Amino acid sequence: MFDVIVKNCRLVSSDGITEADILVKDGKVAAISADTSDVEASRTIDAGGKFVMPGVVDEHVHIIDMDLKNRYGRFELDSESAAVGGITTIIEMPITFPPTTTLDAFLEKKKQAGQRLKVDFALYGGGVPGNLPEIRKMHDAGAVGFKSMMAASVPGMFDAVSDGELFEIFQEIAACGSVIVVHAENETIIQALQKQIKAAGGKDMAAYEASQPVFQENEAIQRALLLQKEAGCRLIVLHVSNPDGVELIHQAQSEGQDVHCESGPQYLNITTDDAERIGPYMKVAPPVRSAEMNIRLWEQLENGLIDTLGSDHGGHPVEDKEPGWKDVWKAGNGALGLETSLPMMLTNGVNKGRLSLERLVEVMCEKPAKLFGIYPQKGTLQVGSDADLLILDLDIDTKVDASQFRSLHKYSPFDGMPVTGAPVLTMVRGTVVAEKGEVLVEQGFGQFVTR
């Protein structure tokens, strides 16, 4: 018989809602049918006609853990935020200590992650100066992709690469048939502008944004684009903060380049005119942009110019944020988002009419899985896929309360904001891991995913 049947689902995919029931066996979708009146299942879930979507696949997560677990994030804590947030599979970036830039470091993180994570996961390897030969190694060990930075953030730990190093990395990535994602900003210009701005006595959030303007973010995007154009590797530009950058990438992919654009809920749901009340808790890199650009971004999203959405969830000890209120240059970059990503998009996007459910599923589930090659398995509900669903409730009334976060850190740029939609049940591989705010699975439940 069947392990579980979720019935009366208004199942959503990127191209439409279909009414059916899902039959799951051995952790995967065994069948999708119009009527299950006469089939037996050990467990039965009635969706009661609510929307059911595939588990969210977040390609941009910084739980960090490892030697810095007591300062940034713990697999067993933050992965609970994912679970309640409806994010069933994450791809951990390699920014941590030790840096995931070695086969050894990689194998160790995989072992650890597998023992403490509560949702499924895939892993990135790091592409830093001088570790070129390790890339092939991590690829063979299961890494789905790699990250390189054009502008650092944690010097010594994870360094930025020069155009030549970046170019060599692009060639290796192309030869392995992997994926390379980059943080595109101009390191050198940011430094110059910081000095000019600091000298003029700027300590604002406004001063911060100006030190890393769009023209430099866009120059880096342009540069990465020109180099991929020559290397041919699949490239994803991470957290693109402005409309013009989205267009640059779109235009290029539209011309045949295997390049894609990622943005995130922080850039869509926050504006520079929130800088004053949110302060350092909104300090992220690239900077959140203007209200005017924000409008454009939302149009591009619904219209298909933004390929994927990633949270860029990443903690920072609260004591490295608070000093930012008086002097911005003393607060670190980052914002948690694992627990607020879906509800924020559902709330200000879907329930506010500026985003369709179909598109949301495309950018938060399908494309990320597709781009990394973990597709049929994650990202959709078809016969053969892992049974990763979310039963949604678009008629909720509540607020985001950062202190209730399951992650190591308890603060958020969205703290206090209203939430009108959210996943109320989330299951991975056929088992309920979170139901109405409760995680029901033990640490280690999460499996490594690849291909």
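Position 1 is the first residue in the sequence shown; the rest follow in order.
Student: Averaged over C-alpha atoms, is the B-factor higher for 24-32 or for 41-49 in this PDB entry?
Tutor: Taking the mean B-factor of the alpha carbons in each, 41-49 is higher.
Student: Mean C-alpha B factor from the entry: is it higher for 390-398 or for 61-69?
Tutor: Comparing 390-398 with 61-69, the higher mean C-alpha B-factor belongs to 390-398.
Student: Which listed residue, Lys118, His316, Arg289, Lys147, has the largest C-alpha temperature factor in the record?
Tutor: Going by the entry's C-alpha B-factors, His316 comes out highest.
Student: Kindly indicate the residue among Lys195, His239, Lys367, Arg359 with the greatest C-alpha B-factor in the PDB record.
Tutor: It is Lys195.
Student: Within this chain, which third does the Cα B-factor at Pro418 fall in: lowest, middle or highest?
Tutor: For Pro418, whose C-alpha B-factor we compare with every modelled residue in the chain, the answer is the highest third.
Student: If you rank the chain by CA B-factor, which third does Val383 end up in: lowest, middle or highest?
Tutor: Its C-alpha B-factor belongs to the middle third of this chain's values.
Student: Divide the modelled residues of the chain into thirds by Cα B-factor and specify which third, lowest, middle or highest, holds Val12.
Tutor: It belongs to the lowest third of the chain when residues are ordered by C-alpha B-factor.
Student: Place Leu268 in the lowest, middle or highest third of its chain's C-alpha B-factors, as listed in the PDB entry.
Tutor: CA B-factor rank for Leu268: middle third.
Student: Quick one: classify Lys229 as lowest, middle or highest third of the chain based on its Cα B-factor.
Tutor: As the PDB entry reports it, the C-alpha B-factor of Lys229 lands in the middle third of its chain.
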